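Colleague: Provided below: structure02.pdb, containing PDB, C-alpha atoms (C1' of nucleotides).
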```
ATOM      1  CA  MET A   1      11.136   1.229  23.019  1.00  0.00           C
ATOM      2  CA  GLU A   2      13.409   4.029  24.193  1.00  0.00           C
ATOM      3  CA  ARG A   3      13.391   7.813  23.962  1.00  0.00           C
ATOM      4  CA  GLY A   4      14.477   9.172  20.599  1.00  0.00           C
ATOM      5  CA  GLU A   5      13.468   6.083  18.634  1.00  0.00           C
ATOM      6  CA  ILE A   6      11.610   6.353  15.330  1.00  0.00           C
ATOM      7  CA  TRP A   7       8.663   3.988  14.827  1.00  0.00           C
ATOM      8  CA  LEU A   8       6.684   3.692  11.583  1.00  0.00           C
ATOM      9  CA  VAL A   9       2.900   3.753  12.007  1.00  0.00           C
ATOM     10  CA  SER A  10      -0.307   4.983  10.350  1.00  0.00           C
ATOM     11  CA  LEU A  11      -2.410   7.873  11.663  1.00  0.00           C
ATOM     12  CA  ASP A  12      -5.319   7.032   9.369  1.00  0.00           C
ATOM     13  CA  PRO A  13      -8.167   6.789   8.902  1.00  0.00           C
ATOM     14  CA  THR A  14      -8.321  10.569   9.056  1.00  0.00           C
ATOM     15  CA  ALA A  15     -11.256  12.914   8.439  1.00  0.00           C
ATOM     16  CA  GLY A  16     -11.602  16.560   7.477  1.00  0.00           C
ATOM     17  CA  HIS A  17      -7.959  17.608   7.395  1.00  0.00           C
ATOM     18  CA  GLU A  18      -5.982  15.506   9.873  1.00  0.00           C
ATOM     19  CA  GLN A  19      -2.398  14.338   9.356  1.00  0.00           C
ATOM     20  CA  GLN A  20      -3.045  11.500   6.928  1.00  0.00           C
ATOM     21  CA  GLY A  21      -0.503   9.127   5.447  1.00  0.00           C
ATOM     22  CA  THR A  22       1.671   6.459   7.052  1.00  0.00           C
ATOM     23  CA  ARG A  23       4.865   7.947   8.452  1.00  0.00           C
ATOM     24  CA  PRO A  24       7.491   7.254  11.137  1.00  0.00           C
ATOM     25  CA  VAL A  25       6.709   8.898  14.472  1.00  0.00           C
ATOM     26  CA  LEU A  26       9.134   9.937  17.196  1.00  0.00           C
ATOM     27  CA  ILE A  27       8.786   8.628  20.749  1.00  0.00           C
ATOM     28  CA  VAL A  28       8.555  11.703  22.979  1.00  0.00           C
ATOM     29  CA  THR A  29       7.749   9.969  26.272  1.00  0.00           C
ATOM     30  CA  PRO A  30      10.522   8.183  28.255  1.00  0.00           C
ATOM     31  CA  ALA A  31      10.821   4.385  28.351  1.00  0.00           C
ATOM     32  CA  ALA A  32       9.792   4.327  32.018  1.00  0.00           C
ATOM     33  CA  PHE A  33       6.495   6.028  31.168  1.00  0.00           C
ATOM     34  CA  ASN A  34       5.854   3.896  28.081  1.00  0.00           C
ATOM     35  CA  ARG A  35       6.496   0.793  30.180  1.00  0.00           C
ATOM     36  CA  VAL A  36       3.821   1.539  32.793  1.00  0.00           C
ATOM     37  CA  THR A  37       1.302   3.569  30.773  1.00  0.00           C
ATOM     38  CA  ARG A  38       1.871   1.734  27.468  1.00  0.00           C
ATOM     39  CA  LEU A  39       0.779   4.922  25.705  1.00  0.00           C
ATOM     40  CA  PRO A  40       3.700   6.852  24.178  1.00  0.00           C
ATOM     41  CA  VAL A  41       3.251  10.424  22.989  1.00  0.00           C
ATOM     42  CA  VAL A  42       4.375  10.691  19.378  1.00  0.00           C
ATOM     43  CA  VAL A  43       4.880  13.491  16.872  1.00  0.00           C
ATOM     44  CA  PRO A  44       4.257  13.251  13.092  1.00  0.00           C
ATOM     45  CA  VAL A  45       6.914  13.805  10.434  1.00  0.00           C
ATOM     46  CA  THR A  46       5.847  16.017   7.541  1.00  0.00           C
ATOM     47  CA  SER A  47       7.329  18.714   5.310  1.00  0.00           C
ATOM     48  CA  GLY A  48       8.565  22.122   6.386  1.00  0.00           C
ATOM     49  CA  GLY A  49       9.222  24.593   3.634  1.00  0.00           C
ATOM     50  CA  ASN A  50      12.451  25.165   1.737  1.00  0.00           C
ATOM     51  CA  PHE A  51      14.719  22.802   3.656  1.00  0.00           C
ATOM     52  CA  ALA A  52      14.305  20.006   6.222  1.00  0.00           C
ATOM     53  CA  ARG A  53      15.047  22.316   9.142  1.00  0.00           C
ATOM     54  CA  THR A  54      13.317  24.416  11.797  1.00  0.00           C
ATOM     55  CA  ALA A  55      10.061  25.810  10.408  1.00  0.00           C
ATOM     56  CA  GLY A  56       8.089  27.273  13.290  1.00  0.00           C
ATOM     57  CA  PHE A  57       6.429  24.214  14.803  1.00  0.00           C
ATOM     58  CA  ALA A  58       8.673  21.998  12.704  1.00  0.00           C
ATOM     59  CA  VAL A  59      12.034  21.069  14.209  1.00  0.00           C
ATOM     60  CA  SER A  60      15.422  20.660  12.555  1.00  0.00           C
ATOM     61  CA  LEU A  61      16.301  17.236  11.131  1.00  0.00           C
ATOM     62  CA  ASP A  62      18.710  17.410   8.188  1.00  0.00           C
ATOM     63  CA  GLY A  63      22.228  17.582   9.550  1.00  0.00           C
ATOM     64  CA  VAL A  64      22.617  14.521  11.761  1.00  0.00           C
ATOM     65  CA  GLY A  65      22.717  12.116   8.824  1.00  0.00           C
ATOM     66  CA  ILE A  66      19.556  10.028   9.008  1.00  0.00           C
ATOM     67  CA  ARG A  67      17.645   7.783   6.606  1.00  0.00           C
ATOM     68  CA  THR A  68      14.286   9.386   7.314  1.00  0.00           C
ATOM     69  CA  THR A  69      13.893  12.342   4.958  1.00  0.00           C
ATOM     70  CA  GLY A  70      11.415  14.847   6.320  1.00  0.00           C
ATOM     71  CA  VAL A  71      10.716  17.379   9.045  1.00  0.00           C
ATOM     72  CA  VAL A  72       9.449  16.514  12.525  1.00  0.00           C
ATOM     73  CA  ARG A  73       6.452  18.702  13.324  1.00  0.00           C
ATOM     74  CA  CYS A  74       4.910  19.150  16.755  1.00  0.00           C
ATOM     75  CA  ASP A  75       1.964  21.191  15.508  1.00  0.00           C
ATOM     76  CA  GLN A  76      -0.704  18.505  15.062  1.00  0.00           C
ATOM     77  CA  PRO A  77       0.147  15.674  17.544  1.00  0.00           C
ATOM     78  CA  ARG A  78      -2.102  12.987  19.081  1.00  0.00           C
ATOM     79  CA  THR A  79      -1.853   9.782  21.112  1.00  0.00           C
ATOM     80  CA  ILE A  80      -2.818   7.154  18.545  1.00  0.00           C
ATOM     81  CA  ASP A  81      -3.115   3.382  18.758  1.00  0.00           C
ATOM     82  CA  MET A  82       0.083   1.343  18.761  1.00  0.00           C
ATOM     83  CA  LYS A  83      -1.558  -1.956  19.655  1.00  0.00           C
ATOM     84  CA  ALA A  84      -3.648  -2.915  16.634  1.00  0.00           C
ATOM     85  CA  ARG A  85      -1.709  -0.885  14.074  1.00  0.00           C
ATOM     86  CA  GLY A  86       1.755  -2.086  15.014  1.00  0.00           C
ATOM     87  CA  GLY A  87       4.906  -0.016  15.126  1.00  0.00           C
ATOM     88  CA  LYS A  88       7.950  -0.683  12.975  1.00  0.00           C
ATOM     89  CA  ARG A  89      11.298   0.432  14.390  1.00  0.00           C
ATOM     90  CA  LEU A  90      13.474   2.136  11.787  1.00  0.00           C
ATOM     91  CA  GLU A  91      16.251   4.185  13.366  1.00  0.00           C
ATOM     92  CA  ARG A  92      16.832   6.735  16.122  1.00  0.00           C
ATOM     93  CA  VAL A  93      17.703  10.422  16.340  1.00  0.00           C
ATOM     94  CA  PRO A  94      20.403  12.007  18.546  1.00  0.00           C
ATOM     95  CA  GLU A  95      19.614  13.904  21.757  1.00  0.00           C
ATOM     96  CA  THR A  96      19.987  17.076  19.703  1.00  0.00           C
ATOM     97  CA  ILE A  97      16.681  16.380  17.961  1.00  0.00           C
ATOM     98  CA  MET A  98      15.018  15.197  21.176  1.00  0.00           C
ATOM     99  CA  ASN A  99      15.544  18.610  22.767  1.00  0.00           C
ATOM    100  CA  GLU A 100      14.010  20.268  19.711  1.00  0.00           C
ATOM    101  CA  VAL A 101      10.732  18.371  20.057  1.00  0.00           C
ATOM    102  CA  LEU A 102      10.586  19.017  23.814  1.00  0.00           C
ATOM    103  CA  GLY A 103      10.494  22.744  23.094  1.00  0.00           C
ATOM    104  CA  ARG A 104       7.455  22.847  20.812  1.00  0.00           C
ATOM    105  CA  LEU A 105       4.965  21.082  23.082  1.00  0.00           C
ATOM    106  CA  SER A 106       5.116  23.923  25.596  1.00  0.00           C
ATOM    107  CA  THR A 107       3.917  26.433  22.992  1.00  0.00           C
ATOM    108  CA  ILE A 108       0.637  24.554  22.476  1.00  0.00           C
ATOM    109  CA  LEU A 109      -0.257  24.488  26.172  1.00  0.00           C
ATOM    110  CA  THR A 110      -2.256  27.705  26.540  1.00  0.00           C
TER     111      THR A 110
ATOM    112  CA  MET B   1      -5.759  27.640  25.022  1.00  0.00           C
ATOM    113  CA  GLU B   2      -8.363  30.404  25.151  1.00  0.00           C
ATOM    114  CA  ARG B   3      -9.402  29.217  28.636  1.00  0.00           C
ATOM    115  CA  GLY B   4     -12.838  27.841  29.511  1.00  0.00           C
ATOM    116  CA  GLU B   5     -13.807  26.376  26.152  1.00  0.00           C
ATOM    117  CA  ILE B   6     -15.916  23.217  26.441  1.00  0.00           C
ATOM    118  CA  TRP B   7     -17.031  22.325  22.934  1.00  0.00           C
ATOM    119  CA  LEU B   8     -19.284  19.500  21.800  1.00  0.00           C
ATOM    120  CA  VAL B   9     -18.118  17.785  18.620  1.00  0.00           C
ATOM    121  CA  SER B  10     -18.044  14.373  16.953  1.00  0.00           C
ATOM    122  CA  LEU B  11     -14.765  12.571  17.594  1.00  0.00           C
ATOM    123  CA  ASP B  12     -15.646  10.000  14.931  1.00  0.00           C
ATOM    124  CA  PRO B  13     -14.388   8.453  12.878  1.00  0.00           C
ATOM    125  CA  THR B  14     -11.616   6.600  14.708  1.00  0.00           C
ATOM    126  CA  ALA B  15      -9.787   3.256  14.657  1.00  0.00           C
ATOM    127  CA  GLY B  16      -8.062   1.194  17.327  1.00  0.00           C
ATOM    128  CA  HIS B  17      -7.780   2.228  20.973  1.00  0.00           C
ATOM    129  CA  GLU B  18      -8.436   5.895  20.212  1.00  0.00           C
ATOM    130  CA  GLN B  19     -11.233   8.216  21.356  1.00  0.00           C
ATOM    131  CA  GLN B  20     -14.494   8.309  19.394  1.00  0.00           C
ATOM    132  CA  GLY B  21     -18.164   9.206  19.762  1.00  0.00           C
ATOM    133  CA  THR B  22     -19.882  12.584  19.912  1.00  0.00           C
ATOM    134  CA  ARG B  23     -19.206  13.978  23.373  1.00  0.00           C
ATOM    135  CA  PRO B  24     -18.047  17.240  25.029  1.00  0.00           C
ATOM    136  CA  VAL B  25     -14.305  17.851  24.849  1.00  0.00           C
ATOM    137  CA  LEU B  26     -11.900  20.398  26.288  1.00  0.00           C
ATOM    138  CA  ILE B  27      -9.640  22.156  23.795  1.00  0.00           C
ATOM    139  CA  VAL B  28      -5.940  22.600  24.602  1.00  0.00           C
ATOM    140  CA  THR B  29      -4.677  24.533  21.573  1.00  0.00           C
ATOM    141  CA  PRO B  30      -4.329  28.339  22.049  1.00  0.00           C
ATOM    142  CA  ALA B  31      -6.006  31.081  20.021  1.00  0.00           C
ATOM    143  CA  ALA B  32      -2.680  31.630  18.259  1.00  0.00           C
ATOM    144  CA  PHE B  33      -3.139  28.202  16.663  1.00  0.00           C
ATOM    145  CA  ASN B  34      -6.826  27.271  16.944  1.00  0.00           C
ATOM    146  CA  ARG B  35      -7.700  30.210  14.698  1.00  0.00           C
ATOM    147  CA  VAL B  36      -4.809  29.446  12.350  1.00  0.00           C
ATOM    148  CA  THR B  37      -4.753  25.800  11.263  1.00  0.00           C
ATOM    149  CA  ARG B  38      -8.320  25.238  12.499  1.00  0.00           C
ATOM    150  CA  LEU B  39      -7.178  21.824  13.707  1.00  0.00           C
ATOM    151  CA  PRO B  40      -7.201  21.856  17.523  1.00  0.00           C
ATOM    152  CA  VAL B  41      -6.346  19.180  20.075  1.00  0.00           C
ATOM    153  CA  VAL B  42      -9.159  18.125  22.383  1.00  0.00           C
ATOM    154  CA  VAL B  43      -9.229  16.276  25.684  1.00  0.00           C
ATOM    155  CA  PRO B  44     -11.984  13.611  25.804  1.00  0.00           C
ATOM    156  CA  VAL B  45     -14.364  14.006  28.734  1.00  0.00           C
ATOM    157  CA  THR B  46     -15.603  10.856  30.455  1.00  0.00           C
ATOM    158  CA  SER B  47     -18.915  10.981  32.322  1.00  0.00           C
ATOM    159  CA  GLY B  48     -18.763   9.983  35.968  1.00  0.00           C
ATOM    160  CA  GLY B  49     -22.473   9.353  36.243  1.00  0.00           C
ATOM    161  CA  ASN B  50     -23.825  11.093  39.319  1.00  0.00           C
ATOM    162  CA  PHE B  51     -20.518  12.029  40.928  1.00  0.00           C
ATOM    163  CA  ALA B  52     -16.906  12.497  39.837  1.00  0.00           C
ATOM    164  CA  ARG B  53     -13.554  12.704  41.637  1.00  0.00           C
ATOM    165  CA  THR B  54     -10.093  13.951  40.680  1.00  0.00           C
ATOM    166  CA  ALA B  55      -7.385  11.294  40.370  1.00  0.00           C
ATOM    167  CA  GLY B  56      -3.976  11.493  38.732  1.00  0.00           C
ATOM    168  CA  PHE B  57      -4.536  12.975  35.293  1.00  0.00           C
ATOM    169  CA  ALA B  58      -8.314  12.779  35.585  1.00  0.00           C
ATOM    170  CA  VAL B  59      -9.589  16.268  36.377  1.00  0.00           C
ATOM    171  CA  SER B  60     -12.930  16.424  38.169  1.00  0.00           C
ATOM    172  CA  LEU B  61     -15.380  18.866  36.628  1.00  0.00           C
ATOM    173  CA  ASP B  62     -17.936  17.860  39.240  1.00  0.00           C
ATOM    174  CA  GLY B  63     -17.959  19.528  42.626  1.00  0.00           C
ATOM    175  CA  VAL B  64     -17.741  23.231  41.833  1.00  0.00           C
ATOM    176  CA  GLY B  65     -21.042  23.151  39.969  1.00  0.00           C
ATOM    177  CA  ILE B  66     -20.779  22.125  36.330  1.00  0.00           C
ATOM    178  CA  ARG B  67     -23.327  20.433  34.057  1.00  0.00           C
ATOM    179  CA  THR B  68     -20.771  18.058  32.563  1.00  0.00           C
ATOM    180  CA  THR B  69     -20.361  15.626  35.457  1.00  0.00           C
ATOM    181  CA  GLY B  70     -17.213  13.723  34.575  1.00  0.00           C
ATOM    182  CA  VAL B  71     -13.443  13.661  34.308  1.00  0.00           C
ATOM    183  CA  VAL B  72     -11.177  14.740  31.462  1.00  0.00           C
ATOM    184  CA  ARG B  73      -8.659  12.283  30.020  1.00  0.00           C
ATOM    185  CA  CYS B  74      -5.528  14.452  30.045  1.00  0.00           C
ATOM    186  CA  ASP B  75      -3.526  11.514  28.697  1.00  0.00           C
ATOM    187  CA  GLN B  76      -4.942  10.779  25.249  1.00  0.00           C
ATOM    188  CA  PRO B  77      -5.607  14.009  23.297  1.00  0.00           C
ATOM    189  CA  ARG B  78      -6.459  13.865  19.596  1.00  0.00           C
ATOM    190  CA  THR B  79      -6.084  16.437  16.850  1.00  0.00           C
ATOM    191  CA  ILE B  80      -9.424  16.964  15.137  1.00  0.00           C
ATOM    192  CA  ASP B  81     -11.298  19.484  13.013  1.00  0.00           C
ATOM    193  CA  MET B  82     -13.464  22.322  14.322  1.00  0.00           C
ATOM    194  CA  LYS B  83     -14.949  23.678  11.088  1.00  0.00           C
ATOM    195  CA  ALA B  84     -16.175  20.820   8.897  1.00  0.00           C
ATOM    196  CA  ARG B  85     -17.018  18.487  11.777  1.00  0.00           C
ATOM    197  CA  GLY B  86     -19.185  21.117  13.430  1.00  0.00           C
ATOM    198  CA  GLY B  87     -18.650  22.123  17.030  1.00  0.00           C
ATOM    199  CA  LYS B  88     -20.452  24.206  19.640  1.00  0.00           C
ATOM    200  CA  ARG B  89     -19.504  25.392  23.125  1.00  0.00           C
ATOM    201  CA  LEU B  90     -21.797  23.975  25.797  1.00  0.00           C
ATOM    202  CA  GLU B  91     -20.674  25.731  28.966  1.00  0.00           C
ATOM    203  CA  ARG B  92     -17.694  27.607  30.365  1.00  0.00           C
ATOM    204  CA  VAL B  93     -15.528  25.804  32.897  1.00  0.00           C
ATOM    205  CA  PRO B  94     -14.424  27.961  35.887  1.00  0.00           C
ATOM    206  CA  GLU B  95     -10.848  29.286  35.818  1.00  0.00           C
ATOM    207  CA  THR B  96     -10.179  27.269  38.976  1.00  0.00           C
ATOM    208  CA  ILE B  97     -10.881  23.975  37.227  1.00  0.00           C
ATOM    209  CA  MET B  98      -9.167  25.179  34.047  1.00  0.00           C
ATOM    210  CA  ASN B  99      -5.936  25.570  36.015  1.00  0.00           C
ATOM    211  CA  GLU B 100      -6.249  21.990  37.274  1.00  0.00           C
ATOM    212  CA  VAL B 101      -6.525  20.630  33.726  1.00  0.00           C
ATOM    213  CA  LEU B 102      -3.494  22.609  32.557  1.00  0.00           C
ATOM    214  CA  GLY B 103      -1.536  21.352  35.550  1.00  0.00           C
ATOM    215  CA  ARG B 104      -2.282  17.766  34.567  1.00  0.00           C
ATOM    216  CA  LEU B 105      -1.368  18.491  30.951  1.00  0.00           C
ATOM    217  CA  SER B 106       2.066  19.557  32.190  1.00  0.00           C
ATOM    218  CA  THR B 107       2.941  15.890  32.737  1.00  0.00           C
ATOM    219  CA  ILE B 108       3.534  15.465  28.989  1.00  0.00           C
ATOM    220  CA  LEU B 109       6.681  17.585  29.294  1.00  0.00           C
ATOM    221  CA  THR B 110       8.454  14.932  31.334  1.00  0.00           C
TER     222      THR B 110
ATOM    223  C1'   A C   1      -7.306  26.264   5.002  1.00  0.00           C
ATOM    224  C1'   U C   2       1.701  24.426   8.775  1.00  0.00           C
ATOM    225  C1'   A C   3      -0.191  19.789   4.992  1.00  0.00           C
ATOM    226  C1'   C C   4       3.888  13.565   2.711  1.00  0.00           C
ATOM    227  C1'   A C   5      -4.568   7.910   2.718  1.00  0.00           C
TER     228        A C   5
END
```
Could the structure of this file be written out as structure tokens, please?

Modeller:
Amino acid sequence: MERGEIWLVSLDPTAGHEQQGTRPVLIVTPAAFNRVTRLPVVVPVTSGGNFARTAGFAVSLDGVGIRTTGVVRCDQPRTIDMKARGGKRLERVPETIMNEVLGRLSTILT
Amino acid sequence: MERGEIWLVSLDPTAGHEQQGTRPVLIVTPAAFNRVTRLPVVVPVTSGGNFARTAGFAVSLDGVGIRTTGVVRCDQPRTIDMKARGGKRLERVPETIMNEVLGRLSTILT
RNA sequence: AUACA
């Protein structure tokens, strides 16, 4: 597992109003960290608004030519289980998208 | 965050190696988001028993004079609900300790 | 009451 890779996993079961529904998550933490900690920080992919681009907490996606149709959002993230659920590797996003995600996590730290 | 907000809420339900159980948690999300989506991210507190010590990401709430004698897991935060689940603030953590937690939470930007 | 169980 490397940085910028997209792994399919489920965030459920959810309660109240969490981000429910199986979707591919993006690996935010570097391989070195994931290797020793074995707990990678991931962000959920949801909708945005009009187009699959930057929507506040949602980062831009459509433009690099990917198979995953959606918008990466760093609004409601959480370190879920990737041991019993199992992650399925799909594809990977360019460094362009990686920088986008790394700029939304700072806005939640307050 | 809003600074110094230790709320008690039920982390359940959960599945896999994720945090669960009704215990005090430290919110990370700021007022500009906590009062918007109503879905904040909380850091699970882990009781130390009679004494606690700071280590790595584990922030020690014990020492300065706090009721909650334990360490916060600034490694596995989960997005939950703070309206339907039902939460209540127990005590207010000193600004000194609050800064320590935030400093540990800065490791997720690596 | 920024969400594709």

Colleague: Would you kindly translate the PyMOL selection byres ((chain B and resi 88-102) around 6) into the concrete residues it picks from this file, as a PDB file with C-alpha atoms, in the coordinates of the input?

Modeller:
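As a result, part_11.pdb now contains:
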```
ATOM      1  CA  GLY B   4     -12.838  27.841  29.511  1.00  0.00           C
ATOM      2  CA  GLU B   5     -13.807  26.376  26.152  1.00  0.00           C
ATOM      3  CA  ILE B   6     -15.916  23.217  26.441  1.00  0.00           C
ATOM      4  CA  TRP B   7     -17.031  22.325  22.934  1.00  0.00           C
ATOM      5  CA  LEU B   8     -19.284  19.500  21.800  1.00  0.00           C
ATOM      6  CA  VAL B  59      -9.589  16.268  36.377  1.00  0.00           C
ATOM      7  CA  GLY B  87     -18.650  22.123  17.030  1.00  0.00           C
ATOM      8  CA  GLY B 103      -1.536  21.352  35.550  1.00  0.00           C
ATOM      9  CA  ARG B 104      -2.282  17.766  34.567  1.00  0.00           C
ATOM     10  CA  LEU B 105      -1.368  18.491  30.951  1.00  0.00           C
TER      11      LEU B 105
END
```

Colleague: What is the distance, in Å and to one decimal place, between atom CA of residue 84 of chain B and atom CA of residue 15 of chain A?

Modeller: 9.3 Å

Colleague: Show me a table, sorted first by chain and then by increasing residue number, of the residues of chain A having an atom at most 12 Å from chain B, each with its shortest atom pair and the distance in Å to one decimal, counting all atoms listed in the file and written as a Markdown table.

Modeller:
```
| residue | atom | partner | partner_atom | distance |
| --- | --- | --- | --- | --- |
| A:3 | CA | B:110 | CA | 11.4 |
| A:10 | CA | B:15 | CA | 10.6 |
| A:11 | CA | B:15 | CA | 9.2 |
| A:12 | CA | B:15 | CA | 7.9 |
| A:13 | CA | B:14 | CA | 6.8 |
| A:14 | CA | B:13 | CA | 7.5 |
| A:15 | CA | B:13 | CA | 7.0 |
| A:16 | CA | B:81 | CA | 6.3 |
| A:17 | CA | B:81 | CA | 6.8 |
| A:18 | CA | B:80 | CA | 6.5 |
| A:19 | CA | B:79 | CA | 8.6 |
| A:20 | CA | B:79 | CA | 11.5 |
| A:27 | CA | B:108 | CA | 11.9 |
| A:28 | CA | B:108 | CA | 8.7 |
| A:29 | CA | B:110 | CA | 7.1 |
| A:30 | CA | B:110 | CA | 7.7 |
| A:31 | CA | B:110 | CA | 11.2 |
| A:32 | CA | B:110 | CA | 10.7 |
| A:33 | CA | B:110 | CA | 9.1 |
| A:34 | CA | B:110 | CA | 11.8 |
| A:37 | CA | B:75 | CA | 9.5 |
| A:38 | CA | B:75 | CA | 11.2 |
| A:39 | CA | B:76 | CA | 8.2 |
| A:40 | CA | B:76 | CA | 9.6 |
| A:41 | CA | B:108 | CA | 7.8 |
| A:42 | CA | B:108 | CA | 10.8 |
| A:43 | CA | B:79 | CA | 11.4 |
| A:44 | CA | B:79 | CA | 11.5 |
| A:56 | CA | B:33 | CA | 11.8 |
| A:57 | CA | B:33 | CA | 10.5 |
| A:74 | CA | B:79 | CA | 11.3 |
| A:75 | CA | B:33 | CA | 8.7 |
| A:76 | CA | B:79 | CA | 6.0 |
| A:77 | CA | B:79 | CA | 6.3 |
| A:78 | CA | B:78 | CA | 4.5 |
| A:79 | CA | B:76 | CA | 5.3 |
| A:80 | CA | B:18 | CA | 6.0 |
| A:81 | CA | B:17 | CA | 5.3 |
| A:82 | CA | B:17 | CA | 8.2 |
| A:83 | CA | B:16 | CA | 7.6 |
| A:84 | CA | B:16 | CA | 6.1 |
| A:85 | CA | B:16 | CA | 7.4 |
| A:86 | CA | B:16 | CA | 10.6 |
| A:98 | CA | B:109 | CA | 11.9 |
| A:99 | CA | B:109 | CA | 11.1 |
| A:101 | CA | B:109 | CA | 10.1 |
| A:102 | CA | B:109 | CA | 6.9 |
| A:103 | CA | B:109 | CA | 8.9 |
| A:104 | CA | B:109 | CA | 10.0 |
| A:105 | CA | B:109 | CA | 7.3 |
| A:106 | CA | B:109 | CA | 7.5 |
| A:107 | CA | B:30 | CA | 8.5 |
| A:108 | CA | B:29 | CA | 5.4 |
| A:109 | CA | B:28 | CA | 6.2 |
| A:110 | CA | B:1 | CA | 3.8 |
```

Colleague: Running the PyMOL selection byres ((chain C and resi 4) around 10) on this model by hand, what would come out? Give it as a count of residues only.

Modeller: 10

Colleague: Let me make sure I understand: if you superpose chain A onto chain B using all C-alpha atoms paired in order, what RMSD in Å results?

Modeller: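 RMSD over all C-alpha atoms: 2.4 Å.
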
Colleague: Listed atoms of chain C, axis-aligned box, 5 Å per side: centre and edge lengths to one decimal in Å, as lines of an AutoDock Vina configuration file?

Modeller:
```
center_x = -1.7
center_y = 17.1
center_z = 5.7
size_x = 21.2
size_y = 28.4
size_z = 16.1
```

Colleague: Taking all atoms listed in the file into account, which of B:66, B:72, B:36, B:55 comes nearest chain C?

Modeller: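 For chain C, the nearest of the candidates is B:36.
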
Colleague: Between atom CA of residue 50 of chain B and atom CA of residue 64 of chain B, measure the distance and give it in Å to one decimal.

Modeller: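 Atom CA of residue 64 of chain B lies at a distance of 13.8 Å from atom CA of residue 50 of chain B.
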
Colleague: I'd like the interatomic distance between atom CA of residue 61 of chain A and atom CA of residue 35 of chain A, to a tenth of an Å.

Modeller: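 Going from atom CA of residue 61 of chain A over to atom CA of residue 35 of chain A covers 27.0 Å.
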
Colleague: Return the single residue from A:68, A:9, A:53, A:48 that is closest to residue 2 of chain C, with distances computed using only C-alpha atoms (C1' of nucleotides).

Modeller: A:48
